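Read the single chain below, which is given as structure tokens and is the form deposited in one PDB entry.
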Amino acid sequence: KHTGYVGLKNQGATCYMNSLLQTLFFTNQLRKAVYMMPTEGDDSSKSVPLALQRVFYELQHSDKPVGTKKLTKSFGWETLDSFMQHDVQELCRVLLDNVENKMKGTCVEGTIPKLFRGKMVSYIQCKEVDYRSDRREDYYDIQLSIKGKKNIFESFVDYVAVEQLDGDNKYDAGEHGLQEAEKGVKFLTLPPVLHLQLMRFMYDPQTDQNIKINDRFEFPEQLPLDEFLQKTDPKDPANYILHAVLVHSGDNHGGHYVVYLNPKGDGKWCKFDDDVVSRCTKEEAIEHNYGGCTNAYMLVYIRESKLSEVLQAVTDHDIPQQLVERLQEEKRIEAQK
């Protein structure tokens, strides 16, 4: 806590979890809303919302590394096997789903969509007849292809690349029969907080197993994404500011998991390595995780026009006395056990 920030204990093999928790904790608007959830009546053990309020409260006050056994118990991932079976965004979704449901009907309903939800359109366009099918879709995160890609830009170019449906893969166009077509997707909106996973763990059919790609993949501290919007908005361009870099060293779940953050969004970075939080250079947080077996697998961008809102001050004023009293009693009981 010589950085103002405290770490998370190393308790069992939980791989990416501690990295994701810091990331969410420093999404201040989220953190603040999580403190507003009415959990007074929740079972102290089965409730994921309460368990997240606890960890957040501990991260905001403890000068010692913060435990997470009650959190992993709440959603039932208590074994290394659980983490080996899910991608990081799947854990993220477990966490945000629980919290978003708990806020329905309250002061703070919709917080999760407001922060993380974006809109895109998937389409199929017939080339030789007049048939088009568009499908609007919501997304809370984006999976980016990196194999053969040098940087985030090429990755977005590829994401919106037009796929050709012909030969043996013609499109069933209904009344029109088998038809040559073009398929793709377009971004309609980007959310204030942009979760990008990098698809480094890829299936190798030879071994019938997944294999981490350690290839070099570059991402910027500043990400302009206007050129990937269907329509852009002057007075609110889609310029993004790197907030977190989730990093893995090695080739398997036995590897080393850390996250880098500039929590205030000011380019002053720290490395969160379970219980050890320490200042680092910008280069170590960014370019040194480009790869080429230490590298990033998930990046969090905040939209520049949103930075001051997503990262608003969250203080002890923001914790209902009721919550604080329950968390404090619970700690006293642990200290007694």
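A residue's number is simply how far along the shown sequence it sits, counting from 1. Basically, rigid core = biggest C-alpha set you can superpose within 1.5 Å across the two forms.
Figure legend: residue 204 is marked as unmodelled in at least a third of the other comparable entries of the protein. Averaged over their C-alpha atoms, the temperature factors of 257-265 and 232-240 are higher for 232-240. Look at the mean CA B-factor for 42-50 and for 304-312 in the entry; the higher one is 42-50. Among 218, 90, 168, 141, the highest C-alpha B-factor recorded in the PDB entry belongs to 168. Residue-level inspection of the entry shows that, of 95, 193, 103, 126, 126 has the top Cα B-factor. Residue 75 sits in the middle third of its chain by CA B factor, as recorded in the PDB entry. When the modelled residues of the chain are ordered by C-alpha B-factor, residue 111 sits in the lowest third. When the CA B factors of the chain's modelled residues are split into thirds, the value for residue 210 lands in the highest one. Compared with the other modelled residues of the chain, the Cα B-factor recorded for residue 319 ranks in the middle third.
For residue 197, the recorded CA B-factor ranks within the lowest third of the chain. Only modelled residues enter the ranking.
Keep in mind the form deposited in another entry is missing from the figure; the text below concerns it.
Fit the rigid core and compare the CA positions between this form and the one not shown: of 257, 260, 171, 187, just 171 moves by 2 angstroms or more. Relative to the superposed rigid core, the position of the CA of residue 46 differs between this form and the one not shown by 2 Å or more. Core-superposed comparison between this form and the one not shown: the Cα of residue 239 travels less than 2 Å. A displacement of 2 angstroms or greater separates the C-alpha positions of residue 132 between this form and the one not shown, with the rigid core held in common. Note: residue 42-residue 97 Cα separation is 3 Å or more longer in the other form than here. Between this form and the other one, the CA-CA gap for residue 42 and residue 99 widens by 3 Å or more, being larger in the other form.
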